[PDB]
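So the structure is just underneath, and the comments pick up after that.
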Amino acid sequence: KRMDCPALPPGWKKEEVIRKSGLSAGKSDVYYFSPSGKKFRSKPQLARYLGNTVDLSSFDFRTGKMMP
DNA sequence: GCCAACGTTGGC
DNA sequence: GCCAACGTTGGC
């Protein structure tokens, strides 16, 4: 399920999807959803949308935490 | 050797 | 044409 990510602005949720098939079966991808449902797949994609709203330079994309 | 990042595939 | 799932690799 999509769980709230406190490091990001209110309404931002993150979800982790285990791959089901193929040679990378078992690995996982992380996605974020904006307050309005829009899907982000990488830290630079989040960065382009959020801009000056929050400094994502210490943001660990995979876990959803600022790692100082 | 690993994986972030994002192109490509397959199904719709 | 859209998009979720998977392949792929340059940079580390």
Side-chain angles (χ1 to χ4, degrees), chain A residues 2-12 15-26 28-37 39-47 49-57 59-64 66 68:
Chain A
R2 325 192 159 177
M3 299 310 285
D4 182 83
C5 172
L8 296 173
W12 279 91
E15 108 158 293
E16 172 155 1
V17 186
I18 316 294
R19 297 184 174 196
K20 318 281 184 291
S21 84
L23 292 181
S24 54
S28 71
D29 304 86
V30 176
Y31 306 117
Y32 289 83
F33 301 90
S34 74
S36 75
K39 165 165 175 181
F40 297 77
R41 312 192 299 153
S42 70
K43 191 166 103 169
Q45 195 180 3
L46 280 177
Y49 172 87
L50 288 173
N52 61 79
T53 302
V54 46
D55 183 26
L56 295 187
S57 47
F59 186 72
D60 176 84
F61 185 84
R62 179 154 284 274
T63 66
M66 297 288 181

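To find a chain, count down the sequence lines: A is the first, B the second, and so on, and within it residues start at 1.
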Worksheet item: Is there a side-chain contact between A:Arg62 and A:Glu16, using heavy atoms and a 4.5 Å cut-off?
Response: yes
Fill in: pair A:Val30-A:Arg41: side-chain heavy atoms closer than 4.5 Å
no
Worksheet item: Is the NZ or CZ atom of A:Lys43 positioned over A:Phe61's six-membered ring, under 6.0 angstrom from the centre and within 45° of the axis?
Response: no
Fill in: Note, A:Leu8 side chain near A:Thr53 side chain (heavy atom, < 4.5 Å)
no
Worksheet item: Taking atom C1' of B:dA4 as reference, at what distance in whole Å does atom CG of A:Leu56 sit?
Response: 15 Å
Discussion item. Can you confirm whether A:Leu50 sits close enough to A:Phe59 that some side-chain heavy atom of one is under 4.5 Å from a side-chain heavy atom of the other?
Written reply: no
Practice prompt. Any chance you could list the contact pattern along nucleotides 5-12 of chain B? Use B for base contacts, S for sugar-phosphate-only contacts and - for none, protein heavy atoms under 4.0 Å, 5' to 3'.
Written response: SBB-----
Worksheet entry | A:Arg62 side chain near B:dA4 phosphate (N/O to OP1/OP2, under 4.0 Å) | yes
